[PDB]
């Protein structure tokens, strides 16, 4: 019986990070943290931190806890209000060619390729999920906290008033907060090299 600690952790998770978790995951999680730190009787402050760290490493797809409202993909245009602690599955810069990007990433030198005798703000396109519905997040205004090297499974808070169109959220810096974390299962498949290689038609992916 860890249901007393679960309510206190649930209160804190929502209050501090607007993180919503199912009761069964939360109870299973507390029990594991108690087994891991068997020798001690942890404080609620330490428990809340360790629960949140486990959440940051959890695949929301495996959590089965809807956050984003129903039929958000069914509406052609609208506005979204409220706090959502979602997960980035994959991320790419659409302001730059993927071939140009993969070349730089692969560290190969293409200096002689742009030699001739004759004398652009970034836009990241985020693949966001609550674990049930998958939508897109666009860098409408420069959001410097986001970068292409963020690990797949990175948890981010999407809040405030956000205008959406054709399954794309028009995110401004005042609407984004990076929580951290990663998903091992996603690190493999949606690594920046693999994301870009797919956009230039490279096989075995």
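Residue numbers count along the first chain shown, from 1.
Colleague: In the deposited sequence, how many residues between residue 119 and residue 120 have no modelled coordinates (none, 1 to 3, 4 to 9, 10 or more)?
Modeller: Per the deposited record, the segment joining residue 119 and residue 120 lacks coordinates for 10 or more residues.
Colleague: Take the C-alpha B-factors listed in the entry for 33 to 41 and for 47 to 55, compute each mean, and give the stretch with the larger one.
Modeller: Between 47 to 55 and 33 to 41, it is 33 to 41 that shows the higher mean C-alpha B-factor.
Colleague: Mean C-alpha B factor from the entry: is it higher for 107 to 115 or for 69 to 77?
Modeller: The entry gives the higher C-alpha B-factor average to 69 to 77.
Colleague: Return the residue from 188, 182, 193, 10 that has the highest Cα B-factor in the entry.
Modeller: Each of 188, 182, 193, 10 was compared by C-alpha B-factor; the highest is 188.
Colleague: Could you say which of 60, 146, 28, 162 has its CA atom at the highest B factor, as listed in the PDB entry?
Modeller: Highest C-alpha B-factor among the listed options: 162.
Colleague: Going by what the PDB entry lists, where does residue 153 fall on CA B-factor within its chain: lowest, middle or highest third?
Modeller: CA B-factor rank for residue 153: lowest third.
Colleague: Within this chain's modelled residues, let me know which third the CA B factor of residue 6 belongs to: lowest, middle or highest.
Modeller: Within its chain, residue 6 is a lowest-third residue by C-alpha B-factor, going by the deposited values.
Colleague: Where does residue 126 sit by CA temperature factor within its chain: lowest, middle or highest third?
Modeller: Its C-alpha B-factor belongs to the middle third of this chain's values.
Colleague: Compare the C-alpha B factor of residue 85 with those of the other modelled residues in its chain, then answer lowest, middle or highest third.
Modeller: As the PDB entry reports it, the C-alpha B-factor of residue 85 lands in the middle third of its chain.
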